[PDB]
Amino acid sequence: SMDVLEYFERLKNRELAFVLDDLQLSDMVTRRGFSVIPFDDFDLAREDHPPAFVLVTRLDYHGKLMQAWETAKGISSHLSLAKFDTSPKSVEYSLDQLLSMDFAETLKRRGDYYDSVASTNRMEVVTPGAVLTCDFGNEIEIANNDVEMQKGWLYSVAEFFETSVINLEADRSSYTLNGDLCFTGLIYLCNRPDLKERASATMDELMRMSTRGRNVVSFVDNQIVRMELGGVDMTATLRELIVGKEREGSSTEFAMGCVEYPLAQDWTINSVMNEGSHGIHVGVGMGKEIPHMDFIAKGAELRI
């Protein structure tokens, strides 16, 4: 059972089997010094298989990987970009971001942030013109927090870049949000091709707006009640895409990014890498009938 830092040092040193699902992306990966093997040729089931990094670009392959979880018997994480933007531009950006960052530095902030959620009942997020409060319940649901990677467990890399609390069982099974959050940009995640066809165009509009000025999201009783992007109120567009669907405005994720990205971020690119941006991000939607939006505030400071 390999240690997480042991895993990523090998990733930095190109000592991992790079499993790839779209071979048209092979040249960009091999140009970065990795030996690539197609997805359908790597035996995740064999226990002696070498420690692997899987890049899933396609939703059908994202499903094939999920089919192999209970059968997996070795060491593997995977960067799942199938549910975000899967263009070469997004893929090159995601890999450049991952391969440039300081992993050990990221994992300790992550460890420290979990040392903060467990102890405290209240968190205050201060952004330039806003303050957000988070009241953790007595029973919080969290994303996998293993620091030594277990055998047969398919780790999503992203969960190594953030400390994430989520309201999965019910609307407020873990935490409640009241107040405002001024954020930098956003990403959005869709689990189905049906949803991605409907919302992607709109969500990309919202992302580009986020570059044009003040971004602010407001919560009352853990329900999103206002969404300002580029200094303009878009709450009407928010309601059209959440009303009458799933839990509507219920916040679904409260998480803390732990990555000091050395390379410039691009907030027009819907890549999961941006969710790990050092700071705070809030989640709305489950990616089923509403895209799971993540309003990400970078330089945000925390208060207990």
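Position 1 is the first residue in the sequence shown; the rest follow in order.
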query: Residue stretch of maximal mean CA temperature factor, 98-106 vs 166-174; finding: 98-106
query: Mean Cα B-factor comparison, 123-131 or 76-84, giving the higher one as deposited; finding: 123-131
query: Deposited CA B-factor, highest of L11, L20, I290, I280; finding: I280
query: Identity of residue with top Cα B-factor, from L186, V157, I224, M203; finding: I224
query: Lowest, middle or highest third - CA B-factor, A264; finding: highest
query: Third assignment of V29 from its chain's C-alpha B-factors; finding: lowest
query: Chain thirds of CA B-factor: placement of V272; finding: lowest
query: Cα B factor band for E246 (lowest, middle or highest third within the chain); finding: lowest
query: Relative C-alpha B-factor of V91, binned into the chain's lowest, middle or highest third; finding: lowest
